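In: got an experimental structure here, sequence first:
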Amino acid sequence: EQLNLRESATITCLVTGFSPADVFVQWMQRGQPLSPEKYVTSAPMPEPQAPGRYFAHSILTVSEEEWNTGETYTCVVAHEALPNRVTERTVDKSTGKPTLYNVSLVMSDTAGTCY
Amino acid sequence: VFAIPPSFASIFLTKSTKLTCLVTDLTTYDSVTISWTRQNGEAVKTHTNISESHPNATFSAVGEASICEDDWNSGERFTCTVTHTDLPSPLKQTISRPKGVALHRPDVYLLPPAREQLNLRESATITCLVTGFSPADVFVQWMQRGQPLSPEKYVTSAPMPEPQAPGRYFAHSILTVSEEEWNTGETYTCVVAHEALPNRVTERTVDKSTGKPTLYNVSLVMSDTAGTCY
Amino acid sequence: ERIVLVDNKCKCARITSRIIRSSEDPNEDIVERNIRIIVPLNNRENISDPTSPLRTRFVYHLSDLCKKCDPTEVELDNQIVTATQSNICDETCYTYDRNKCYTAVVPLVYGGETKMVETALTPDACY
Ligand SMILES: *[C@@H]1O[C@H](CO)[C@@H](O[C@@H]2O[C@H](CO)[C@@H](O)[C@H](O)[C@H]2NC(C)=O)[C@H](O)[C@H]1NC(C)=O
Ligand SMILES: *[C@@H]1O[C@H](CO)[C@@H](O)[C@H](O)[C@H]1NC(C)=O
Ligand SMILES: *[C@@H]1O[C@H](CO)[C@@H](O)[C@H](O)[C@H]1NC(C)=O
Ligand SMILES: [Ca+2]
């Protein structure tokens, strides 16, 4: 619905399930840190069904011509409970949700090793 | 005296080269003496093993020479100097590794038994087709479910020249098994031993479901294709 | 423009994604997902055990193919830190891999030696 307006695209980083309250969320595009005026991240509020686990948003407001050309917007999120302390989710149009899967299960007798 | 050179199976599996010169159709003669020699004046190690007299009015004897591997691939004309007074000829039979043959790897194909044999229900016959080896010394060995088989349940043929390639020789190893053994899986593996092979061993397997099957029971499950993929 | 999404050479699945520039308006450009799966009809259930039974059921969890459990580096303002790329992980190998050579060990007997020699289940892989 938002891309049909062809004005702006809001990418949402859904950091949820963290029970220590404090979380750091930064967006990067092509390995460069995006400006903090581009994205706005919420204060952590408790997850509804969870007892004390929190959730946070991060809304990156990019123009639609950037997202429809297939630019990777990476969500770098830092938390204490993470094993490597930082998780990087990336999204772009090419990964997305596909609108035409074309599968070819080539059932070959003489496959053996992949080529 | 038969001239039997130790093949690559001896020098690989036994880790020793026993140069045997077995006398054949020897009418019984007391004090049989066997010695071993080279083409030149050097003498390789004489025999240490002797055999008992054959009951059919004949005498049996096997020479031996525990020479090293590297002088077995030397190529000199080693001769088994059998000391005999009944026959004045020493019977110096010549056996050596021929240097002129250029190595070629044997490829093994495992042909499953034909349906015209399985419908007869007597006994299935899996054949290991070893094609294209130049040194003419293949040791085709047969197993069953990872367990090796008896040496008499399979007969490996003598190597014969290939139809197309003249310098390459081929062998046919044939294993006869019962018909209900083949229809209950029990994957038979043919393993070969050869010089030109990389690890000196190549294994192929067949069972009921692999070799020329009448059914392909493929059940593809592409689970979770609409779910997450970066 | 087929970007290579996965190139899994152990289950032979290759997934590639592209934006087909189909129409003039930039929205209906279809995100196309090309799953290319080679099913080995004769490979066994355990590829490294050649005496294993024939593999009949070929299940491909496509989320398990698309996991990226190699941590990547990211450049912060003051630090470079290893960053996990997925929450999934914390291998059937229907097919052999070309780069990987698989060896099985066979019992070879001549005079009862039982010298256990390794074969090459995939020739022309480590030669
Ligand atoms: C697949 O086959 C290989 C080879 O037979 C198995 O590896 C051997 O497994 C046994 C028992 O677990 C061990 O004693 C050996 O040391 C293993 N050898 C090697 C070279 O790894 C393997 O376990 C099999 N895998 C499955 C899932 O069946
Ligand atoms: C075919 O595969 C299915 C998969 O579960 C199995 O249940 C069935 O027994 C198989 N049939 C044959 C004849 O192999
Ligand atoms: C998907 O469609 C494209 C045509 O755009 C074709 O080239 C490709 O081979 C298809 N994918 C598979 C896995 O066959
Ligand atoms: Ca490799």
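Out: Everything's here; your move. Numbering: from 1, shown residues only, chains lettered A, B, ... in the order given. Ligands and ions are numbered 1, 2, ... in the order given.
In: distance of residue A:68 relative to chain C?
Out: Going from residue A:68 to chain C by Cβ to the nearest Cβ, to the nearest Å gives 4 Å. For every residue, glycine as well, the C-beta is placed using N, CA and C.
In: just residue A:49 next, same as before
Out: Taking Cβ to the nearest Cβ, one finds residue A:49 at 19 Å from chain C.
In: what about that residue, which SS state?
Out: For residue A:49, the secondary structure call by DSSP: H, G, I helix; E, B strand; the rest coil comes out as coil.
In: contacting residues around residue C:110?
Out: For residue C:110, the contact set (Cβ atoms under 8 Å, 6 or more residues apart in numbering or on different chains) comprises B:9-10, B:13-14, B:139.
In: all strands for chain A, in order.
Out: For chain A, applying DSSP state E gives strands covering A:9-12, A:15-18, A:24-29, A:32-33, A:39-41, A:45-46, A:54-56, A:58-62, A:73-78, A:86-91, A:100-108.
In: likewise for chain C?
Out: Under DSSP E, chain C gives strands at C:3-7, C:14-19, C:31-40, C:57-59, C:72-75, C:80-84, C:105-108, C:115-118.
In: and the contacts of residue C:110 as JSON lines, adding neighbour count and distance to residue B:153?
Out: Listed next are those as JSON lines, based on neighbours: other Cβ atoms under 10 Å in any protein chain shown; distance: Cβ to Cβ, whole Å:
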{"residue": "B:9", "neighbour count": "20", "distance to residue B:153": "18"}
{"residue": "B:10", "neighbour count": "20", "distance to residue B:153": "22"}
{"residue": "B:13", "neighbour count": "21", "distance to residue B:153": "19"}
{"residue": "B:14", "neighbour count": "14", "distance to residue B:153": "22"}
{"residue": "B:139", "neighbour count": "22", "distance to residue B:153": "16"}
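In: which pair of these spans the longest distance?
Out: B:14 and B:139 (11.0 Å; Cβ to Cβ).
In: from the chain's centre, how far out does stretch C:56-66 sit?
Out: 10 Å (Cα atoms, centre = their mean, to the nearest Å).
In: whoops, stretch A:40-57 was the one
Out: The answer for stretch A:40-57 is 17 Å, by Cα atoms, centre = their mean.
In: what of stretch A:24-35?
Out: For stretch A:24-35, the distance to the chain centre is 12 Å (Cα atoms, centre = their mean).
In: can it be found next to chain B?
Out: No - Stretch A:24-35 stays clear of chain B (Cβ under 8 Å from any Cβ of the partner chain), getting no nearer than 15.5 Å.
In: for that stretch, measure first residue to last.
Out: 15 Å (Cα to Cα, to the nearest Å).
In: that one near chain C anywhere?
Out: Yes - shown here: stretch A:24-35 in contact with chain C (Cβ under 8 Å from any Cβ) through A:26, A:28, A:31-33.
In: wait, residue C:4 touches residue C:18, no?
Out: No - if you go by Cβ atoms under 8 Å, residue C:4 and residue C:18 don't touch, sitting 10.6 Å apart.
In: the two: who's more crowded?
Out: residue C:18 (17 against 9; other Cβ atoms under 10 Å in any protein chain shown).
In: which residues are in contact with the more buried one?
Out: With Cβ under 8 Å, 6+ apart, residue C:18 has these contacts: A:94, C:1-3, C:32, C:34.
In: farthest residue from the center of chain C?
Out: residue C:111 (41.9 Å; Cα atoms, centre = their mean).
In: OK, contacts around residue A:105?
Out: Contact analysis of residue A:105 by Cβ under 8 Å, 6+ apart lists B:220, B:222, C:37, C:39.
In: near ligand 3 too, which of the contacts of residue C:18?
Out: residue C:34 (Cβ under 6 Å from any ligand atom).
In: which of the contacts of residue C:18 count as buried?
Out: Burial by neighbour count, judged by 16 or more other Cβ atoms under 10 Å in any protein chain shown, picks out A:94, C:32, C:34 from the contacts of residue C:18.
In: hang on, residue A:54 packs against residue A:43?
Out: No - look at residue A:54 against residue A:43 with Cβ under 8 Å: they stay out of range, at 9.3 Å.
In: excluding chain neighbours, what is closest to the closest residue to chain B within chain A?
Out: Per Cβ to the nearest Cβ, the residue of chain A with the smallest distance to chain B is residue A:95, at 5.2 Å. Spatial nearest neighbour of residue A:95, excluding adjacent residues (Cβ to Cβ, 6 or more residues apart in numbering or on different chains): residue B:230 at 5.2 Å.
In: ok, back up a step: how about the contacts of residue C:18 in TSV, adding distance to residue C:78?
Out: Formatted as TSV, these follow (distance: Cβ to Cβ, whole Å):
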residue	distance to residue C:78
A:94	32
C:1	37
C:2	38
C:3	32
C:32	41
C:34	41
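In: nearest to residue C:14, of the contacts of residue C:18?
Out: residue C:34 (7.7 Å).
In: doesn't residue A:94 make contact with that closest one?
Out: No - in this structure, residue C:34 is not within contact of residue A:94 by Cβ under 8 Å, at 11.4 Å.
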